[PDB]
Amino acid sequence: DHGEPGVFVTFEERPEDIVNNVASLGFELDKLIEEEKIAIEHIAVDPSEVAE
Amino acid sequence: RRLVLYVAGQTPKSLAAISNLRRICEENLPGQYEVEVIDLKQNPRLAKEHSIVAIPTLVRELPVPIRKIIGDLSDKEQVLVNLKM
Amino acid sequence: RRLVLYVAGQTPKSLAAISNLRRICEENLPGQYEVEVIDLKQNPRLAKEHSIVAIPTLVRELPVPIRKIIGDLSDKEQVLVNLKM
Amino acid sequence: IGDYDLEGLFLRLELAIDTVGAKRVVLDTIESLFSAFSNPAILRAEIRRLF
């Protein structure tokens with residue numbers, strides 16, 4: 001509506017979950033990413049293979 | 001026997017990380033594995049491809065289960081124990 | 001004098017477990033008991049039959065009361081004390 | 001002693017699933033799993049892997 005690109009940085013939910021959540025509301029996150037108007041970054045860290 | 005070291009820029013952390021990697025690899029043990037250093041700034045994409053978050057990182061892929069070590073590798077003994085087999 | 005070691009695959013944990021079992025059994029003491037190694041992946045059923053949960057496991061059945069040790073047997077002294085009689 | 005993985009849990013659960021051709025699974029009283037073992041991080045990682 002206002003022509004501003006968006007970025008969604010998720011630390012818990014995966015992109016599939018993020019898209020499916022709003023799929024029912026009528027938005028098409030698949031299309032908006034397929035066009036890159038919203039970019040999804042799933043920034044997940046696993047402590048199992050992490051030694052500090 | 002392959003090791004990858006992800007760093008970003010001529011940062012004191014990354015420089016100390018590579019220097020300490022040199023020290024532990026050479027003085028502590030022989031050349032059992034080969035090291036490759038990647039500076040993330042030029043390729044931010046590779047950061048996403050390898051799923052890297054915190055600099056500096058030392059990742060081994062020789063064994064089937066991956067293992068990462070986060071930091072500048074200040075503790076020689078701990079780094080060697082984490083990389084020993 | 002029988003000991004069983006349950007592991008799963010060519011895992012670093014299981015390999016280190018059997019190697020450490022070799023080391024503690026040989027260097028520390030003589031061959032008082034016989035070891036048998038079972039890899040659970042091929043027989044998941046045996047896991048249920050022996051009621052095993054966490055890999056790796058070292059179980060003795062010589063005494064009437066069972067005793068299990070969970071892990072890769074990193075601490076030689078603790079493993080020997082747990083298996084001493 | 002050392003680090004352990006709840007590998008037997010996965011093996012037994014897979015064996016049951018393949019035996020019964022199961023599609024539905026119920027996990028009852030998963031708090032006893034935490035109460036039994038001492039290391040909390042290992043259990044956390046193990047059941048995150050389980051889910």
# chains A, B, ... in the order shown; residues from 1 in each chain; ligands from 1
call {"tool": "residues_around", "arguments": {"residues": "range 30-43 of chain D", "least_positions_apart": "2", "cutoff": "8 Å", "atoms": "only C-alpha atoms", "output": "count of residues only"}}
result
10
call {"tool": "calpha_fit_and_write", "arguments": {"fixed": "chain B", "moving": "chain C", "output": "mmCIF file with N, CA, C and O atoms, in the first residue's frame"}}
result
data_model
loop_
_atom_site.group_PDB
_atom_site.id
_atom_site.type_symbol
_atom_site.label_atom_id
_atom_site.label_comp_id
_atom_site.auth_asym_id
_atom_site.auth_seq_id
_atom_site.Cartn_x
_atom_site.Cartn_y
_atom_site.Cartn_z
ATOM 1 N N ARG C 1 40.176 -34.232 6.601
ATOM 2 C CA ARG C 1 40.866 -33.318 7.505
ATOM 3 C C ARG C 1 40.823 -31.887 6.978
ATOM 4 O O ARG C 1 41.831 -31.356 6.510
ATOM 5 N N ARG C 2 39.652 -31.261 7.068
ATOM 6 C CA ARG C 2 39.438 -29.910 6.568
ATOM 7 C C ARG C 2 38.846 -29.037 7.667
ATOM 8 O O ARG C 2 37.954 -29.469 8.405
ATOM 9 N N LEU C 3 39.343 -27.806 7.773
ATOM 10 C CA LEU C 3 38.854 -26.842 8.749
ATOM 11 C C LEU C 3 38.602 -25.517 8.049
ATOM 12 O O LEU C 3 39.371 -25.124 7.166
ATOM 13 N N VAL C 4 37.528 -24.834 8.437
ATOM 14 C CA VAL C 4 37.176 -23.543 7.863
ATOM 15 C C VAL C 4 37.106 -22.517 8.982
ATOM 16 O O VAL C 4 36.576 -22.797 10.062
ATOM 17 N N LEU C 5 37.651 -21.331 8.729
ATOM 18 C CA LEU C 5 37.660 -20.252 9.712
ATOM 19 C C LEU C 5 36.991 -19.031 9.098
ATOM 20 O O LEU C 5 37.548 -18.400 8.194
ATOM 21 N N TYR C 6 35.804 -18.703 9.597
ATOM 22 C CA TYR C 6 35.027 -17.565 9.128
ATOM 23 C C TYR C 6 35.336 -16.361 10.009
ATOM 24 O O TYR C 6 35.175 -16.425 11.237
ATOM 25 N N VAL C 7 35.784 -15.275 9.377
ATOM 26 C CA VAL C 7 36.094 -14.018 10.048
ATOM 27 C C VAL C 7 35.584 -12.876 9.177
ATOM 28 O O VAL C 7 35.150 -13.075 8.042
ATOM 29 N N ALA C 8 35.640 -11.662 9.726
ATOM 30 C CA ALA C 8 35.110 -10.469 9.063
ATOM 31 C C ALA C 8 36.094 -9.314 9.235
ATOM 32 O O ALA C 8 36.221 -8.751 10.325
ATOM 33 N N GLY C 9 36.791 -8.966 8.153
ATOM 34 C CA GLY C 9 37.644 -7.797 8.140
ATOM 35 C C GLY C 9 38.962 -8.004 8.862
ATOM 36 O O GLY C 9 39.269 -9.071 9.395
ATOM 37 N N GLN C 10 39.762 -6.937 8.870
ATOM 38 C CA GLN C 10 41.035 -6.933 9.588
ATOM 39 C C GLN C 10 40.761 -6.571 11.046
ATOM 40 O O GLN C 10 41.385 -5.691 11.644
ATOM 41 N N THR C 11 39.797 -7.285 11.616
ATOM 42 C CA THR C 11 39.383 -7.077 12.994
ATOM 43 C C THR C 11 40.435 -7.634 13.940
ATOM 44 O O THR C 11 41.112 -8.617 13.628
ATOM 45 N N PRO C 12 40.619 -7.009 15.105
ATOM 46 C CA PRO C 12 41.536 -7.610 16.084
ATOM 47 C C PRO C 12 41.139 -9.029 16.444
ATOM 48 O O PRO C 12 42.008 -9.902 16.557
ATOM 49 N N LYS C 13 39.836 -9.289 16.589
ATOM 50 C CA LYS C 13 39.370 -10.640 16.882
ATOM 51 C C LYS C 13 39.772 -11.628 15.795
ATOM 52 O O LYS C 13 40.327 -12.686 16.096
ATOM 53 N N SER C 14 39.485 -11.316 14.525
ATOM 54 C CA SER C 14 39.792 -12.249 13.439
ATOM 55 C C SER C 14 41.298 -12.430 13.264
ATOM 56 O O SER C 14 41.773 -13.544 13.015
ATOM 57 N N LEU C 15 42.066 -11.342 13.369
ATOM 58 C CA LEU C 15 43.514 -11.457 13.236
ATOM 59 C C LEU C 15 44.092 -12.324 14.341
ATOM 60 O O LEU C 15 44.906 -13.221 14.082
ATOM 61 N N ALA C 16 43.674 -12.074 15.584
ATOM 62 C CA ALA C 16 44.116 -12.903 16.692
ATOM 63 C C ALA C 16 43.651 -14.332 16.512
ATOM 64 O O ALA C 16 44.357 -15.272 16.885
ATOM 65 N N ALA C 17 42.456 -14.516 15.953
ATOM 66 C CA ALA C 17 41.951 -15.857 15.719
ATOM 67 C C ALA C 17 42.853 -16.614 14.758
ATOM 68 O O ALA C 17 43.236 -17.756 15.031
ATOM 69 N N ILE C 18 43.204 -16.001 13.626
ATOM 70 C CA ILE C 18 44.021 -16.724 12.654
ATOM 71 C C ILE C 18 45.421 -16.944 13.208
ATOM 72 O O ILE C 18 46.033 -17.996 12.987
ATOM 73 N N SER C 19 45.956 -15.953 13.931
ATOM 74 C CA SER C 19 47.283 -16.098 14.527
ATOM 75 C C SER C 19 47.310 -17.238 15.541
ATOM 76 O O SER C 19 48.241 -18.056 15.559
ATOM 77 N N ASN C 20 46.290 -17.309 16.396
ATOM 78 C CA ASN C 20 46.212 -18.388 17.370
ATOM 79 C C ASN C 20 45.995 -19.728 16.682
ATOM 80 O O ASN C 20 46.516 -20.751 17.129
ATOM 81 N N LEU C 21 45.220 -19.750 15.597
ATOM 82 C CA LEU C 21 45.087 -20.983 14.833
ATOM 83 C C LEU C 21 46.442 -21.436 14.315
ATOM 84 O O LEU C 21 46.798 -22.614 14.427
ATOM 85 N N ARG C 22 47.221 -20.507 13.765
ATOM 86 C CA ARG C 22 48.583 -20.818 13.350
ATOM 87 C C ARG C 22 49.369 -21.428 14.504
ATOM 88 O O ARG C 22 50.015 -22.472 14.354
ATOM 89 N N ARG C 23 49.311 -20.786 15.671
ATOM 90 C CA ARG C 23 50.119 -21.227 16.806
ATOM 91 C C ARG C 23 49.724 -22.626 17.274
ATOM 92 O O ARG C 23 50.575 -23.518 17.369
ATOM 93 N N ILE C 24 48.437 -22.847 17.555
ATOM 94 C CA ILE C 24 48.006 -24.169 18.006
ATOM 95 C C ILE C 24 48.275 -25.227 16.943
ATOM 96 O O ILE C 24 48.736 -26.331 17.258
ATOM 97 N N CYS C 25 48.000 -24.923 15.672
ATOM 98 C CA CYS C 25 48.207 -25.918 14.627
ATOM 99 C C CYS C 25 49.676 -26.305 14.510
ATOM 100 O O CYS C 25 50.002 -27.487 14.354
ATOM 101 N N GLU C 26 50.581 -25.324 14.573
ATOM 102 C CA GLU C 26 51.989 -25.613 14.318
ATOM 103 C C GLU C 26 52.700 -26.111 15.571
ATOM 104 O O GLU C 26 53.187 -27.247 15.607
ATOM 105 N N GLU C 27 52.780 -25.277 16.611
ATOM 106 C CA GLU C 27 53.558 -25.664 17.786
ATOM 107 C C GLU C 27 52.953 -26.876 18.490
ATOM 108 O O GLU C 27 53.682 -27.773 18.929
ATOM 109 N N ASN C 28 51.624 -26.926 18.609
ATOM 110 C CA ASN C 28 51.005 -27.994 19.391
ATOM 111 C C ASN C 28 51.085 -29.341 18.683
ATOM 112 O O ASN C 28 51.420 -30.356 19.307
ATOM 113 N N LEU C 29 50.767 -29.379 17.395
ATOM 114 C CA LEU C 29 50.613 -30.641 16.687
ATOM 115 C C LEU C 29 51.143 -30.477 15.273
ATOM 116 O O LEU C 29 51.534 -29.375 14.866
ATOM 117 N N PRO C 30 51.196 -31.566 14.505
ATOM 118 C CA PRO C 30 51.589 -31.469 13.095
ATOM 119 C C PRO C 30 50.442 -31.009 12.211
ATOM 120 O O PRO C 30 49.385 -30.618 12.712
ATOM 121 N N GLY C 31 50.646 -31.032 10.896
ATOM 122 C CA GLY C 31 49.596 -30.655 9.970
ATOM 123 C C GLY C 31 48.662 -31.794 9.617
ATOM 124 O O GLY C 31 48.711 -32.320 8.501
ATOM 125 N N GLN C 32 47.807 -32.194 10.563
ATOM 126 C CA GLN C 32 46.886 -33.296 10.301
ATOM 127 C C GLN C 32 45.750 -32.866 9.380
ATOM 128 O O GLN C 32 45.241 -33.677 8.596
ATOM 129 N N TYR C 33 45.333 -31.604 9.459
ATOM 130 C CA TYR C 33 44.240 -31.099 8.642
ATOM 131 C C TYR C 33 44.626 -29.762 8.022
ATOM 132 O O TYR C 33 45.506 -29.052 8.513
ATOM 133 N N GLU C 34 43.946 -29.434 6.928
ATOM 134 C CA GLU C 34 44.204 -28.229 6.151
ATOM 135 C C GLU C 34 43.180 -27.160 6.507
ATOM 136 O O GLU C 34 41.985 -27.452 6.618
ATOM 137 N N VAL C 35 43.651 -25.924 6.668
ATOM 138 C CA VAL C 35 42.818 -24.805 7.089
ATOM 139 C C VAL C 35 42.522 -23.910 5.892
ATOM 140 O O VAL C 35 43.374 -23.687 5.025
ATOM 141 N N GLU C 36 41.295 -23.396 5.848
ATOM 142 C CA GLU C 36 40.887 -22.416 4.848
ATOM 143 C C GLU C 36 40.180 -21.270 5.554
ATOM 144 O O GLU C 36 39.251 -21.501 6.333
ATOM 145 N N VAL C 37 40.609 -20.041 5.274
ATOM 146 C CA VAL C 37 40.097 -18.852 5.944
ATOM 147 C C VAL C 37 39.214 -18.086 4.971
ATOM 148 O O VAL C 37 39.626 -17.807 3.839
ATOM 149 N N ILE C 38 38.003 -17.750 5.412
ATOM 150 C CA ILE C 38 37.045 -16.991 4.617
ATOM 151 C C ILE C 38 36.670 -15.732 5.386
ATOM 152 O O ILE C 38 36.229 -15.810 6.539
ATOM 153 N N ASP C 39 36.842 -14.576 4.745
ATOM 154 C CA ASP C 39 36.438 -13.292 5.316
ATOM 155 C C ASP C 39 35.030 -12.968 4.825
ATOM 156 O O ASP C 39 34.762 -12.870 3.627
ATOM 157 N N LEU C 40 34.111 -12.816 5.781
ATOM 158 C CA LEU C 40 32.687 -12.787 5.458
ATOM 159 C C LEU C 40 32.275 -11.487 4.778
ATOM 160 O O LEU C 40 31.295 -11.457 4.026
ATOM 161 N N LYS C 41 33.007 -10.399 5.031
ATOM 162 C CA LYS C 41 32.556 -9.090 4.565
ATOM 163 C C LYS C 41 32.367 -9.061 3.051
ATOM 164 O O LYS C 41 31.356 -8.549 2.556
ATOM 165 N N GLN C 42 33.326 -9.599 2.300
ATOM 166 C CA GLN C 42 33.242 -9.614 0.842
ATOM 167 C C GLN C 42 32.090 -10.496 0.362
ATOM 168 O O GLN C 42 31.395 -10.144 -0.596
ATOM 169 N N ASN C 43 31.872 -11.640 1.020
ATOM 170 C CA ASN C 43 30.752 -12.503 0.665
ATOM 171 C C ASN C 43 29.800 -12.643 1.844
ATOM 172 O O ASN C 43 29.871 -13.643 2.577
ATOM 173 N N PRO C 44 28.889 -11.691 2.068
ATOM 174 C CA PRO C 44 27.857 -11.913 3.096
ATOM 175 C C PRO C 44 26.978 -13.108 2.790
ATOM 176 O O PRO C 44 26.482 -13.773 3.709
ATOM 177 N N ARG C 45 26.763 -13.395 1.505
ATOM 178 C CA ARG C 45 25.960 -14.544 1.107
ATOM 179 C C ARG C 45 26.490 -15.845 1.685
ATOM 180 O O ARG C 45 25.712 -16.671 2.182
ATOM 181 N N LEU C 46 27.804 -16.059 1.611
ATOM 182 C CA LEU C 46 28.372 -17.291 2.137
ATOM 183 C C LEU C 46 28.060 -17.448 3.615
ATOM 184 O O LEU C 46 27.945 -18.574 4.110
ATOM 185 N N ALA C 47 27.909 -16.332 4.333
ATOM 186 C CA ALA C 47 27.488 -16.406 5.726
ATOM 187 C C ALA C 47 26.139 -17.101 5.850
ATOM 188 O O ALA C 47 25.953 -17.960 6.718
ATOM 189 N N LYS C 48 25.184 -16.748 4.985
ATOM 190 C CA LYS C 48 23.888 -17.418 5.003
ATOM 191 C C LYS C 48 24.009 -18.866 4.542
ATOM 192 O O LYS C 48 23.362 -19.762 5.100
ATOM 193 N N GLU C 49 24.833 -19.114 3.521
ATOM 194 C CA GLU C 49 24.958 -20.464 2.981
ATOM 195 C C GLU C 49 25.516 -21.420 4.030
ATOM 196 O O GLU C 49 25.069 -22.568 4.133
ATOM 197 N N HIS C 50 26.490 -20.969 4.822
ATOM 198 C CA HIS C 50 27.052 -21.780 5.898
ATOM 199 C C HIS C 50 26.366 -21.570 7.243
ATOM 200 O O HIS C 50 26.771 -22.199 8.227
ATOM 201 N N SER C 51 25.350 -20.711 7.320
ATOM 202 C CA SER C 51 24.599 -20.496 8.556
ATOM 203 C C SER C 51 25.523 -20.061 9.696
ATOM 204 O O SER C 51 25.629 -20.723 10.730
ATOM 205 N N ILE C 52 26.197 -18.930 9.497
ATOM 206 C CA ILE C 52 27.141 -18.392 10.473
ATOM 207 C C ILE C 52 26.536 -17.154 11.119
ATOM 208 O O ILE C 52 25.897 -16.336 10.445
ATOM 209 N N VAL C 53 26.738 -17.016 12.429
ATOM 210 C CA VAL C 53 26.145 -15.916 13.184
ATOM 211 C C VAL C 53 27.223 -15.095 13.881
ATOM 212 O O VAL C 53 27.351 -13.889 13.640
ATOM 213 N N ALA C 54 28.004 -15.736 14.748
ATOM 214 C CA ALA C 54 28.946 -15.042 15.626
ATOM 215 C C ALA C 54 30.366 -15.234 15.102
ATOM 216 O O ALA C 54 30.803 -16.361 14.856
ATOM 217 N N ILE C 55 31.082 -14.127 14.933
ATOM 218 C CA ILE C 55 32.481 -14.140 14.513
ATOM 219 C C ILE C 55 33.379 -14.151 15.745
ATOM 220 O O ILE C 55 33.008 -13.586 16.783
ATOM 221 N N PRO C 56 34.563 -14.783 15.687
ATOM 222 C CA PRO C 56 35.008 -15.655 14.595
ATOM 223 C C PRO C 56 34.500 -17.078 14.789
ATOM 224 O O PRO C 56 34.111 -17.431 15.905
ATOM 225 N N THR C 57 34.513 -17.891 13.734
ATOM 226 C CA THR C 57 34.032 -19.262 13.849
ATOM 227 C C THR C 57 35.028 -20.223 13.219
ATOM 228 O O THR C 57 35.610 -19.927 12.175
ATOM 229 N N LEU C 58 35.227 -21.369 13.864
ATOM 230 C CA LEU C 58 36.078 -22.435 13.351
ATOM 231 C C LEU C 58 35.245 -23.707 13.256
ATOM 232 O O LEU C 58 34.827 -24.254 14.279
ATOM 233 N N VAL C 59 35.014 -24.178 12.034
ATOM 234 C CA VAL C 59 34.085 -25.269 11.773
ATOM 235 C C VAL C 59 34.854 -26.419 11.140
ATOM 236 O O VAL C 59 35.645 -26.210 10.210
ATOM 237 N N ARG C 60 34.629 -27.628 11.648
ATOM 238 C CA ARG C 60 35.175 -28.835 11.040
ATOM 239 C C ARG C 60 34.049 -29.617 10.379
ATOM 240 O O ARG C 60 32.963 -29.754 10.953
ATOM 241 N N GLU C 61 34.309 -30.122 9.176
ATOM 242 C CA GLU C 61 33.339 -30.918 8.438
ATOM 243 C C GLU C 61 33.841 -32.320 8.117
ATOM 244 O O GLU C 61 33.122 -33.087 7.469
ATOM 245 N N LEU C 62 35.052 -32.673 8.551
ATOM 246 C CA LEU C 62 35.574 -34.009 8.271
ATOM 247 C C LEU C 62 34.698 -35.104 8.860
ATOM 248 O O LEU C 62 34.296 -36.015 8.115
ATOM 249 N N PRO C 63 34.366 -35.091 10.149
ATOM 250 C CA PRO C 63 33.401 -36.065 10.667
ATOM 251 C C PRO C 63 31.998 -35.758 10.170
ATOM 252 O O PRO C 63 31.666 -34.619 9.835
ATOM 253 N N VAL C 64 31.168 -36.803 10.121
ATOM 254 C CA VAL C 64 29.782 -36.623 9.684
ATOM 255 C C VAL C 64 29.072 -35.580 10.534
ATOM 256 O O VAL C 64 28.433 -34.682 9.968
ATOM 257 N N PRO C 65 29.129 -35.625 11.868
ATOM 258 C CA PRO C 65 28.500 -34.570 12.679
ATOM 259 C C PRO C 65 29.365 -33.319 12.703
ATOM 260 O O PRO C 65 30.521 -33.354 13.129
ATOM 261 N N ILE C 66 28.798 -32.203 12.236
ATOM 262 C CA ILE C 66 29.524 -30.938 12.236
ATOM 263 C C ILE C 66 29.885 -30.541 13.666
ATOM 264 O O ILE C 66 29.220 -30.919 14.637
ATOM 265 N N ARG C 67 30.963 -29.769 13.793
ATOM 266 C CA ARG C 67 31.273 -29.133 15.066
ATOM 267 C C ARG C 67 31.898 -27.766 14.826
ATOM 268 O O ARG C 67 32.806 -27.612 13.996
ATOM 269 N N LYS C 68 31.404 -26.782 15.575
ATOM 270 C CA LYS C 68 31.831 -25.397 15.492
ATOM 271 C C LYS C 68 32.453 -24.962 16.813
ATOM 272 O O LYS C 68 32.117 -25.478 17.884
ATOM 273 N N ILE C 69 33.369 -24.002 16.721
ATOM 274 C CA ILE C 69 33.972 -23.357 17.880
ATOM 275 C C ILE C 69 33.900 -21.854 17.652
ATOM 276 O O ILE C 69 34.396 -21.353 16.635
ATOM 277 N N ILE C 70 33.293 -21.137 18.594
ATOM 278 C CA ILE C 70 33.020 -19.711 18.446
ATOM 279 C C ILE C 70 33.999 -18.934 19.314
ATOM 280 O O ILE C 70 34.184 -19.256 20.494
ATOM 281 N N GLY C 71 34.625 -17.909 18.735
ATOM 282 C CA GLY C 71 35.557 -17.071 19.466
ATOM 283 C C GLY C 71 36.850 -16.818 18.717
ATOM 284 O O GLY C 71 36.933 -17.068 17.510
ATOM 285 N N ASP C 72 37.871 -16.324 19.421
ATOM 286 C CA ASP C 72 39.175 -16.062 18.826
ATOM 287 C C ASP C 72 40.201 -17.147 19.120
ATOM 288 O O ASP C 72 41.372 -16.981 18.756
ATOM 289 N N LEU C 73 39.805 -18.246 19.761
ATOM 290 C CA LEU C 73 40.719 -19.338 20.089
ATOM 291 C C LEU C 73 41.857 -18.843 20.987
ATOM 292 O O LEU C 73 43.040 -18.933 20.650
ATOM 293 N N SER C 74 41.471 -18.308 22.146
ATOM 294 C CA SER C 74 42.458 -17.809 23.097
ATOM 295 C C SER C 74 43.045 -18.939 23.936
ATOM 296 O O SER C 74 44.248 -18.952 24.218
ATOM 297 N N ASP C 75 42.213 -19.897 24.341
ATOM 298 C CA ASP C 75 42.659 -21.011 25.177
ATOM 299 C C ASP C 75 43.209 -22.112 24.279
ATOM 300 O O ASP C 75 42.454 -22.858 23.647
ATOM 301 N N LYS C 76 44.539 -22.213 24.227
ATOM 302 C CA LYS C 76 45.183 -23.224 23.396
ATOM 303 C C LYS C 76 44.750 -24.629 23.789
ATOM 304 O O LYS C 76 44.414 -25.448 22.925
ATOM 305 N N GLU C 77 44.766 -24.929 25.087
ATOM 306 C CA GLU C 77 44.437 -26.274 25.546
ATOM 307 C C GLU C 77 42.999 -26.635 25.204
ATOM 308 O O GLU C 77 42.720 -27.740 24.724
ATOM 309 N N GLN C 78 42.067 -25.708 25.437
ATOM 310 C CA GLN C 78 40.669 -25.992 25.139
ATOM 311 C C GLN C 78 40.445 -26.151 23.642
ATOM 312 O O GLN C 78 39.705 -27.044 23.214
ATOM 313 N N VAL C 79 41.084 -25.311 22.826
ATOM 314 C CA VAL C 79 40.942 -25.460 21.380
ATOM 315 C C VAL C 79 41.483 -26.813 20.930
ATOM 316 O O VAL C 79 40.858 -27.512 20.122
ATOM 317 N N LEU C 80 42.651 -27.205 21.445
ATOM 318 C CA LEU C 80 43.241 -28.478 21.045
ATOM 319 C C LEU C 80 42.370 -29.650 21.480
ATOM 320 O O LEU C 80 42.226 -30.632 20.744
ATOM 321 N N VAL C 81 41.793 -29.573 22.681
ATOM 322 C CA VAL C 81 40.937 -30.657 23.156
ATOM 323 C C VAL C 81 39.670 -30.739 22.318
ATOM 324 O O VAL C 81 39.170 -31.830 22.020
ATOM 325 N N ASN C 82 39.118 -29.589 21.945
ATOM 326 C CA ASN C 82 37.945 -29.576 21.084
ATOM 327 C C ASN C 82 38.244 -30.082 19.681
ATOM 328 O O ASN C 82 37.347 -30.641 19.037
ATOM 329 N N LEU C 83 39.472 -29.908 19.196
ATOM 330 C CA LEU C 83 39.858 -30.367 17.870
ATOM 331 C C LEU C 83 40.644 -31.671 17.878
ATOM 332 O O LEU C 83 41.185 -32.053 16.836
ATOM 333 N N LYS C 84 40.724 -32.364 19.010
ATOM 334 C CA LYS C 84 41.553 -33.558 19.098
ATOM 335 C C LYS C 84 40.758 -34.817 18.759
ATOM 336 O O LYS C 84 39.583 -34.954 19.105
ATOM 337 N N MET C 85 41.424 -35.745 18.074
ATOM 338 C CA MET C 85 40.872 -37.071 17.805
ATOM 339 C C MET C 85 42.001 -38.050 17.497
ATOM 340 O O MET C 85 42.806 -37.816 16.596
#
call {"tool": "interface_residues", "arguments": {"of": "chain D", "to": "chain C", "cutoff": "9 Å", "atoms": "only C-alpha atoms", "output": "MDAnalysis selection string"}}
result
chainID D and resid 1:12 14:15
call {"tool": "atom_distance", "arguments": {"atom1": "CA of residue 32 in chain A", "atom2": "CA of residue 19 in chain A"}}
result
10.1 Å
call {"tool": "closest_atom_pairs", "arguments": {"of": "chain A", "to": "chain B", "cutoff": "6 Å", "atoms": "only C-alpha atoms", "output": "Markdown table"}}
result
| residue | atom | partner | partner_atom | distance |
| --- | --- | --- | --- | --- |
| A:49 | CA | B:67 | CA | 5.0 |
| A:50 | CA | B:68 | CA | 5.4 |
| A:51 | CA | B:69 | CA | 5.0 |
| A:52 | CA | B:70 | CA | 5.0 |
call {"tool": "residues_around", "arguments": {"residues": "residue 1 in chain A", "least_positions_apart": "3", "cutoff": "12 Å", "atoms": "only C-alpha atoms", "output": "list in words"}}
result
residues 4, 5 and 37 of chain A
call {"tool": "atom_distance", "arguments": {"atom1": "CA of residue 44 in chain A", "atom2": "CA of residue 26 in chain A"}}
result
27.4 Å
